[PDB]
file query_20.txt (compact mmCIF, C-alpha atoms)
# COMPACT_ATOMS: atom_id res chain seq x y z
CA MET A 1 3.96 9.26 -1.89
CA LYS A 2 2.59 12.03 0.30
CA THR A 3 4.29 13.62 3.28
CA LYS A 4 3.59 15.88 6.21
CA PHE A 5 6.62 17.71 7.51
CA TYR A 6 6.96 19.27 10.98
CA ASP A 7 9.79 21.75 11.40
CA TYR A 8 10.69 21.83 15.11
CA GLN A 9 14.18 23.08 14.31
CA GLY A 10 15.58 19.66 15.13
CA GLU A 11 19.02 18.23 14.47
CA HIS A 12 17.38 14.81 14.23
CA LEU A 13 14.42 13.35 12.35
CA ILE A 14 11.65 10.95 13.22
CA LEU A 15 10.45 9.23 10.05
CA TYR A 16 7.00 7.67 10.35
CA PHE A 17 5.69 5.31 7.67
CA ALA A 18 1.91 4.96 8.00
CA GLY A 19 -0.20 1.90 7.27
CA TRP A 20 -2.17 1.52 4.05
CA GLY A 21 -5.09 3.96 3.86
CA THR A 22 -4.57 5.23 7.39
CA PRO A 23 -4.97 8.82 8.59
CA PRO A 24 -1.73 10.67 9.36
CA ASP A 25 -3.55 12.16 12.33
CA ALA A 26 -3.41 8.74 14.00
CA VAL A 27 -0.02 9.75 15.45
CA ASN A 28 -0.67 13.45 16.32
CA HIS A 29 -1.05 12.57 20.01
CA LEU A 30 2.52 11.31 20.32
CA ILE A 31 4.94 13.68 22.08
CA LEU A 32 8.22 14.25 20.21
CA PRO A 33 11.61 14.25 21.91
CA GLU A 34 13.33 17.63 21.93
CA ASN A 35 15.53 18.47 18.91
CA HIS A 36 13.56 16.26 16.50
CA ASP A 37 11.58 17.09 13.37
CA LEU A 38 8.85 14.74 12.17
CA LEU A 39 8.11 13.52 8.65
CA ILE A 40 4.93 11.49 8.16
CA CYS A 41 5.02 9.34 5.02
CA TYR A 42 1.84 7.85 3.53
CA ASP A 43 -0.30 7.30 0.41
CA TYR A 44 1.93 4.75 -1.26
CA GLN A 45 0.68 5.16 -4.87
CA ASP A 46 4.39 4.96 -5.59
CA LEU A 47 7.66 4.76 -3.66
CA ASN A 48 8.90 8.28 -4.41
CA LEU A 49 9.96 10.23 -1.34
CA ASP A 50 10.58 13.86 -2.30
CA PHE A 51 12.51 14.97 0.79
CA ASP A 52 16.14 15.77 1.62
CA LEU A 53 17.29 13.64 4.55
CA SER A 54 20.87 14.92 4.38
CA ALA A 55 20.80 17.72 6.93
CA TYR A 56 19.87 15.45 9.82
CA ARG A 57 22.26 13.86 12.20
CA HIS A 58 20.20 10.92 13.50
CA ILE A 59 17.18 9.53 11.70
CA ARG A 60 14.83 7.24 13.58
CA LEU A 61 12.34 5.20 11.60
CA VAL A 62 8.98 4.02 12.92
CA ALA A 63 6.94 1.99 10.43
CA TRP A 64 3.44 0.62 10.97
CA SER A 65 1.85 -2.30 9.15
CA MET A 66 2.45 -2.13 5.35
CA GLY A 67 4.69 0.82 6.04
CA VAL A 68 7.38 -1.68 7.06
CA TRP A 69 7.59 -3.16 3.54
CA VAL A 70 7.53 0.35 2.05
CA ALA A 71 10.26 1.70 4.37
CA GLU A 72 12.60 -1.18 3.41
CA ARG A 73 12.56 0.06 -0.17
CA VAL A 74 12.54 3.79 0.43
CA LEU A 75 15.35 3.72 2.98
CA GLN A 76 17.55 1.02 1.45
CA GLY A 77 21.09 2.34 1.58
CA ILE A 78 20.34 5.10 4.12
CA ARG A 79 22.03 4.88 7.52
CA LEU A 80 19.38 4.96 10.29
CA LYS A 81 20.00 5.50 14.02
CA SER A 82 17.21 3.00 14.65
CA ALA A 83 14.37 1.34 12.79
CA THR A 84 11.27 0.18 14.68
CA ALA A 85 8.51 -1.99 13.18
CA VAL A 86 5.02 -1.73 14.66
CA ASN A 87 2.69 -4.61 13.70
CA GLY A 88 4.30 -5.07 10.30
CA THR A 89 6.78 -7.34 8.57
CA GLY A 90 8.96 -7.56 5.47
CA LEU A 91 6.49 -9.99 3.86
CA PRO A 92 3.14 -8.24 4.16
CA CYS A 93 1.14 -10.61 1.92
CA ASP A 94 2.10 -13.96 3.37
CA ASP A 95 0.29 -16.80 5.16
CA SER A 96 3.31 -17.40 7.43
CA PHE A 97 4.90 -13.99 7.87
CA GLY A 98 2.34 -11.30 7.15
CA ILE A 99 -1.32 -10.71 6.33
CA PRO A 100 -2.66 -13.99 5.03
CA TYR A 101 -3.13 -14.00 1.25
CA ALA A 102 -6.85 -14.66 1.52
CA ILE A 103 -7.31 -11.58 3.66
CA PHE A 104 -5.02 -9.31 1.68
CA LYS A 105 -6.45 -10.28 -1.70
CA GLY A 106 -10.00 -10.52 -0.35
CA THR A 107 -9.81 -6.98 0.98
CA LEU A 108 -8.90 -5.63 -2.45
CA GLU A 109 -11.46 -7.80 -4.31
CA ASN A 110 -14.31 -6.54 -2.12
CA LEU A 111 -13.24 -2.99 -1.29
CA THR A 112 -16.10 -0.52 -0.85
CA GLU A 113 -16.69 2.31 1.60
CA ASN A 114 -18.69 -0.15 3.68
CA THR A 115 -16.01 -2.84 3.77
CA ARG A 116 -13.41 -0.14 4.39
CA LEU A 117 -15.20 0.70 7.64
CA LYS A 118 -15.44 -2.97 8.57
CA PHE A 119 -11.72 -3.32 7.90
CA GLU A 120 -11.03 -0.33 10.17
CA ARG A 121 -13.09 -2.06 12.86
CA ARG A 122 -10.83 -5.13 12.42
CA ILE A 123 -7.77 -2.85 12.66
CA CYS A 124 -9.00 -1.16 15.85
CA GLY A 125 -10.57 -4.07 17.70
CA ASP A 126 -13.39 -2.98 20.01
CA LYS A 127 -16.15 -0.56 19.01
CA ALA A 128 -14.90 2.20 21.33
CA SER A 129 -11.41 2.13 19.81
CA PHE A 130 -12.96 2.05 16.35
CA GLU A 131 -15.21 5.02 17.07
CA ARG A 132 -12.27 7.04 18.40
CA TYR A 133 -10.28 6.25 15.27
CA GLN A 134 -13.21 7.44 13.15
CA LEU A 135 -12.67 10.93 14.58
CA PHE A 136 -9.39 11.19 12.66
CA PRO A 137 -10.05 12.79 9.25
CA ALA A 138 -10.53 9.90 6.83
CA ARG A 139 -8.60 9.80 3.60
CA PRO A 140 -10.67 9.82 0.39
CA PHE A 141 -12.00 6.42 -0.65
CA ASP A 142 -10.74 6.60 -4.25
CA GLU A 143 -7.25 7.45 -2.98
CA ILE A 144 -7.03 4.54 -0.54
CA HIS A 145 -8.51 2.19 -3.16
CA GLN A 146 -5.83 3.22 -5.70
CA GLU A 147 -3.22 2.92 -2.96
CA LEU A 148 -4.17 -0.70 -2.24
CA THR A 149 -4.15 -1.49 -5.97
CA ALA A 150 -0.65 -0.06 -6.23
CA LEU A 151 0.60 -1.79 -3.06
CA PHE A 152 -0.89 -5.12 -4.11
CA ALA A 153 0.92 -5.04 -7.46
CA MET A 154 4.23 -4.00 -5.93
CA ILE A 155 4.10 -6.48 -3.07
CA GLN A 156 3.24 -9.39 -5.40
CA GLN A 157 6.14 -8.53 -7.68
CA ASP A 158 8.79 -7.79 -5.05
CA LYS A 159 9.18 -10.31 -2.24
CA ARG A 160 12.66 -9.20 -1.26
CA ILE A 161 13.47 -8.98 2.44
CA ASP A 162 16.14 -7.55 4.74
CA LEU A 163 16.68 -4.48 2.57
CA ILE A 164 17.31 -2.65 5.83
CA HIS A 165 17.94 -4.03 9.30
CA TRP A 166 15.53 -3.39 12.12
CA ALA A 167 16.36 -2.61 15.75
CA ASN A 168 13.09 -3.78 17.29
CA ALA A 169 9.51 -4.75 16.56
CA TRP A 170 6.27 -4.32 18.48
CA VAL A 171 3.67 -7.09 18.22
CA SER A 172 0.05 -6.56 19.37
CA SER A 173 -1.49 -9.53 21.15
CA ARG A 174 -4.85 -9.28 19.38
CA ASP A 175 -3.70 -8.09 15.96
CA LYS A 176 -6.36 -9.30 13.49
CA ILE A 177 -4.42 -8.05 10.45
CA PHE A 178 -0.80 -9.17 10.84
CA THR A 179 -1.41 -12.10 13.15
CA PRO A 180 0.86 -12.20 16.16
CA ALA A 181 2.13 -15.68 15.29
CA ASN A 182 3.15 -14.47 11.85
CA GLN A 183 4.83 -11.37 13.21
CA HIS A 184 6.78 -13.48 15.69
CA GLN A 185 7.77 -15.92 12.92
CA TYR A 186 9.20 -13.08 10.85
CA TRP A 187 11.03 -11.11 13.54
CA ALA A 188 12.28 -13.98 15.77
CA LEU A 189 15.82 -14.17 14.40
CA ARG A 190 15.97 -10.59 13.13
CA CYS A 191 15.47 -8.21 16.05
CA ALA A 192 14.24 -7.67 19.60
CA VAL A 193 10.49 -8.24 19.83
CA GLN A 194 8.27 -6.41 22.31
CA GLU A 195 4.84 -7.83 22.98
CA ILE A 196 2.08 -5.40 23.81
CA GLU A 197 -1.58 -5.97 24.70
CA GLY A 198 -3.58 -4.37 21.93
CA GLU A 199 -4.80 -4.32 18.35
CA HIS A 200 -3.37 -3.64 14.90
CA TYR A 201 -3.71 0.09 15.65
CA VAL A 202 -1.76 0.35 18.89
CA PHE A 203 -0.32 3.88 18.84
CA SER A 204 -3.15 4.85 21.22
CA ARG A 205 -1.29 2.93 23.93
CA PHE A 206 1.73 5.26 23.60
CA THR A 207 2.17 8.87 24.72
CA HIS A 208 5.75 9.48 23.53
CA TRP A 209 7.48 8.65 20.24
CA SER A 210 10.67 7.70 22.07
CA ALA A 211 8.98 4.86 23.98
CA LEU A 212 8.79 3.05 20.63
CA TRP A 213 12.57 2.66 20.33
CA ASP A 214 13.96 3.21 23.84
call {"tool": "encode", "arguments": {"input": "query_20.txt", "output": "structure tokens"}}
result
Amino acid sequence: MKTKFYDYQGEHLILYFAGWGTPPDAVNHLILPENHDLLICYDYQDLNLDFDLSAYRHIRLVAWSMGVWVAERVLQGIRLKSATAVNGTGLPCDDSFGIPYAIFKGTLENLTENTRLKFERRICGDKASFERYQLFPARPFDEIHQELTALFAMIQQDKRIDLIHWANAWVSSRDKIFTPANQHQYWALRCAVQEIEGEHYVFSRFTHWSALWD
């Protein structure tokens, strides 16, 4: 996978796992706590994370959408200070616990630049939110298409769960991707759940990283 590393000379690390095909810039507006570096992880063509986590004292994970499933594999066996899921579950292609199969598979079967934009409208909700999201630099179509191909294969072949344990989960009330009922069904007996009014992309409602876990 790809990374973007921010050296703020921190003792601690915030680890952000992006959604499938999403722009890393979608979290630039979040203020970091003092004494924290940031590592943005994305482009899940594979699960290789070429980065040394060892120097950090505390590592806090924030994973959005399909990033939750990815983070469970990448960080299995790594001690985390906290792990926060944002509109994502351990079973991302799942009629009960994730994105319904018809939607997940349908998205890949029909994926074009045009349907990509329609899917981003579904992720963002209203037109104004969608248009704001379009100002983030878009990742190349061929890259996000290959990413979904890779994710689809991996997710179909590996339905393991609870590879790490989560501290809390945020669930958007109008999420049209991971439906709120499915998110609640997954997280109910696993971790604290925080409901928030919003859409699958909900980072726009936050100003500070730390609000996500504190």
call {"tool": "residues_around", "arguments": {"input": "query_20.txt", "residues": "residue 65 in chain A", "least_positions_apart": "2", "cutoff": "10 Å", "atoms": "only C-alpha atoms", "output": "list in words"}}
result
residues 17, 18, 19, 20, 63, 67, 68, 69, 70, 85, 86, 87, 88, 89, 90, 92, 98, 99, 177, 178, 200 and 201 of chain A
call {"tool": "atom_distance", "arguments": {"input": "query_20.txt", "atom1": "CA of residue 210 in chain A", "atom2": "CA of residue 48 in chain A"}}
result
26.5 Å
call {"tool": "closest_residue", "arguments": {"input": "query_20.txt", "among": "A:8, A:42, A:141, A:104", "to": "residue 22 in chain A", "atoms": "only C-alpha atoms"}}
result
A:42
call {"tool": "atom_distance", "arguments": {"input": "query_20.txt", "atom1": "CA of residue 25 in chain A", "atom2": "CA of residue 79 in chain A"}}
result
27.0 Å
call {"tool": "residues_around", "arguments": {"input": "query_20.txt", "residues": "residue 14 in chain A", "least_positions_apart": "4", "cutoff": "12 Å", "atoms": "all atoms listed in the file", "output": "ChimeraX atom specification"}}
result
/A:4-8,10,27,30-41,53,56-63,80-84,208-210,212-213
call {"tool": "closest_residue", "arguments": {"input": "query_20.txt", "among": "A:44, A:101, A:170, A:187", "to": "residue 211 in chain A", "atoms": "only C-alpha atoms"}}
result
A:170
call {"tool": "residues_near_point", "arguments": {"input": "query_20.txt", "point": "(-11.0, 4.7, 22.3)", "cutoff": "12 Å", "atoms": "only C-alpha atoms", "output": "PyMOL selection string"}}
result
chain A and resi 26+121+124-136+198-199+201-205
call {"tool": "write_last_selection", "arguments": {"input": "query_20.txt", "atoms": "C-alpha atoms", "output": "compact mmCIF listing (two decimals), in the coordinates of the input"}}
result
# COMPACT_ATOMS: atom_id res chain seq x y z
CA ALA A 26 -3.41 8.74 14.00
CA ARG A 121 -13.09 -2.06 12.86
CA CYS A 124 -9.00 -1.16 15.85
CA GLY A 125 -10.57 -4.07 17.70
CA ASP A 126 -13.39 -2.98 20.01
CA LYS A 127 -16.15 -0.56 19.01
CA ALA A 128 -14.90 2.20 21.33
CA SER A 129 -11.41 2.13 19.81
CA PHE A 130 -12.96 2.05 16.35
CA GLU A 131 -15.21 5.02 17.07
CA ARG A 132 -12.27 7.04 18.40
CA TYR A 133 -10.28 6.25 15.27
CA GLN A 134 -13.21 7.44 13.15
CA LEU A 135 -12.67 10.93 14.58
CA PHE A 136 -9.39 11.19 12.66
CA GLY A 198 -3.58 -4.37 21.93
CA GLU A 199 -4.80 -4.32 18.35
CA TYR A 201 -3.71 0.09 15.65
CA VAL A 202 -1.76 0.35 18.89
CA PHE A 203 -0.32 3.88 18.84
CA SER A 204 -3.15 4.85 21.22
CA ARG A 205 -1.29 2.93 23.93
call {"tool": "residues_around", "arguments": {"input": "query_20.txt", "residues": "range 192-195 of chain A", "least_positions_apart": "6", "cutoff": "6 Å", "atoms": "all atoms listed in the file", "output": "count of residues only"}}
result
4
call {"tool": "atom_distance", "arguments": {"input": "query_20.txt", "atom1": "CA of residue 91 in chain A", "atom2": "CA of residue 166 in chain A"}}
result
13.9 Å
call {"tool": "residues_around", "arguments": {"input": "query_20.txt", "residues": "range 108-111 of chain A", "least_positions_apart": "3", "cutoff": "12 Å", "atoms": "only C-alpha atoms", "output": "CSV table (one decimal) with C-alpha atoms, keeping the file's coordinate frame"}}
result
chain,number,residue,atom,x,y,z
A,20,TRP,CA,-2.2,1.5,4.0
A,21,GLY,CA,-5.1,4.0,3.9
A,101,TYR,CA,-3.1,-14.0,1.2
A,102,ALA,CA,-6.8,-14.7,1.5
A,103,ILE,CA,-7.3,-11.6,3.7
A,104,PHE,CA,-5.0,-9.3,1.7
A,105,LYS,CA,-6.4,-10.3,-1.7
A,114,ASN,CA,-18.7,-0.2,3.7
A,115,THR,CA,-16.0,-2.8,3.8
A,116,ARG,CA,-13.4,-0.1,4.4
A,117,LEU,CA,-15.2,0.7,7.6
A,118,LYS,CA,-15.4,-3.0,8.6
A,119,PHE,CA,-11.7,-3.3,7.9
A,120,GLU,CA,-11.0,-0.3,10.2
A,141,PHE,CA,-12.0,6.4,-0.6
A,142,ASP,CA,-10.7,6.6,-4.2
A,144,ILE,CA,-7.0,4.5,-0.5
A,145,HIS,CA,-8.5,2.2,-3.2
A,146,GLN,CA,-5.8,3.2,-5.7
A,147,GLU,CA,-3.2,2.9,-3.0
A,148,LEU,CA,-4.2,-0.7,-2.2
A,149,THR,CA,-4.2,-1.5,-6.0
A,150,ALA,CA,-0.6,-0.1,-6.2
A,151,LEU,CA,0.6,-1.8,-3.1
A,152,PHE,CA,-0.9,-5.1,-4.1
A,153,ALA,CA,0.9,-5.0,-7.5
call {"tool": "decode", "arguments": {"input": "query_20.txt", "residues": "range 38-60 of chain A", "atoms": "N, CA and C atoms", "output": "mmCIF file, in the first residue's frame"}}
result
data_model
loop_
_atom_site.group_PDB
_atom_site.id
_atom_site.type_symbol
_atom_site.label_atom_id
_atom_site.label_comp_id
_atom_site.auth_asym_id
_atom_site.auth_seq_id
_atom_site.Cartn_x
_atom_site.Cartn_y
_atom_site.Cartn_z
ATOM 1 N N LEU A 38 1.764 11.732 11.967
ATOM 2 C CA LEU A 38 0.621 11.165 11.256
ATOM 3 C C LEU A 38 1.119 10.298 10.121
ATOM 4 N N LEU A 39 0.524 9.113 9.974
ATOM 5 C CA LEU A 39 0.778 8.252 8.820
ATOM 6 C C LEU A 39 -0.567 7.922 8.181
ATOM 7 N N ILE A 40 -0.765 8.390 6.956
ATOM 8 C CA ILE A 40 -1.950 8.059 6.174
ATOM 9 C C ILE A 40 -1.667 6.822 5.339
ATOM 10 N N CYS A 41 -2.527 5.810 5.467
ATOM 11 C CA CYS A 41 -2.369 4.561 4.741
ATOM 12 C C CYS A 41 -3.519 4.397 3.746
ATOM 13 N N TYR A 42 -3.206 4.033 2.503
ATOM 14 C CA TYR A 42 -4.241 3.961 1.469
ATOM 15 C C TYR A 42 -3.734 3.180 0.269
ATOM 16 N N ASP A 43 -4.576 3.042 -0.751
ATOM 17 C CA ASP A 43 -4.259 2.293 -1.964
ATOM 18 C C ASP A 43 -3.915 0.840 -1.650
ATOM 19 N N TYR A 44 -4.935 0.105 -1.231
ATOM 20 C CA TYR A 44 -4.757 -1.263 -0.779
ATOM 21 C C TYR A 44 -4.672 -2.292 -1.916
ATOM 22 N N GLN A 45 -3.721 -2.102 -2.833
ATOM 23 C CA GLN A 45 -3.427 -3.100 -3.877
ATOM 24 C C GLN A 45 -2.892 -4.359 -3.224
ATOM 25 N N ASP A 46 -2.315 -4.166 -2.040
ATOM 26 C CA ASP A 46 -1.813 -5.256 -1.215
ATOM 27 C C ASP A 46 -1.846 -4.791 0.238
ATOM 28 N N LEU A 47 -1.418 -5.651 1.150
ATOM 29 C CA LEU A 47 -1.469 -5.320 2.569
ATOM 30 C C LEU A 47 -0.096 -5.016 3.154
ATOM 31 N N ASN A 48 0.871 -4.693 2.298
ATOM 32 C CA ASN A 48 2.224 -4.391 2.754
ATOM 33 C C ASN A 48 2.355 -2.968 3.275
ATOM 34 N N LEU A 49 2.746 -2.834 4.537
ATOM 35 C CA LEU A 49 2.974 -1.525 5.116
ATOM 36 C C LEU A 49 4.460 -1.385 5.381
ATOM 37 N N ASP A 50 5.135 -0.608 4.541
ATOM 38 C CA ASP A 50 6.574 -0.419 4.660
ATOM 39 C C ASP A 50 6.852 0.781 5.555
ATOM 40 N N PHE A 51 6.828 0.553 6.866
ATOM 41 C CA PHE A 51 6.978 1.629 7.848
ATOM 42 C C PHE A 51 7.317 1.048 9.213
ATOM 43 N N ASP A 52 8.306 1.639 9.888
ATOM 44 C CA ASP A 52 8.745 1.187 11.197
ATOM 45 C C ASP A 52 7.938 1.869 12.302
ATOM 46 N N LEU A 53 7.085 1.097 12.957
ATOM 47 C CA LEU A 53 6.252 1.610 14.030
ATOM 48 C C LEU A 53 6.981 1.639 15.379
ATOM 49 N N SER A 54 8.192 1.082 15.433
ATOM 50 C CA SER A 54 8.796 0.739 16.718
ATOM 51 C C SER A 54 9.193 1.936 17.569
ATOM 52 N N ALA A 55 9.490 3.076 16.958
ATOM 53 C CA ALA A 55 10.009 4.179 17.766
ATOM 54 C C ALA A 55 8.910 4.810 18.611
ATOM 55 N N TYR A 56 7.654 4.645 18.205
ATOM 56 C CA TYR A 56 6.577 5.351 18.883
ATOM 57 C C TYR A 56 6.171 4.743 20.213
ATOM 58 N N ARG A 57 5.749 5.589 21.112
ATOM 59 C CA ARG A 57 5.255 5.185 22.373
ATOM 60 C C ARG A 57 3.792 4.739 22.156
ATOM 61 N N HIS A 58 2.874 5.662 22.018
ATOM 62 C CA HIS A 58 1.484 5.302 21.753
ATOM 63 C C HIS A 58 1.157 5.402 20.280
ATOM 64 N N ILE A 59 0.402 4.424 19.790
ATOM 65 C CA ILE A 59 -0.114 4.461 18.431
ATOM 66 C C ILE A 59 -1.629 4.455 18.516
ATOM 67 N N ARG A 60 -2.247 5.452 17.894
ATOM 68 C CA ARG A 60 -3.701 5.491 17.821
ATOM 69 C C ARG A 60 -4.165 5.313 16.390
#
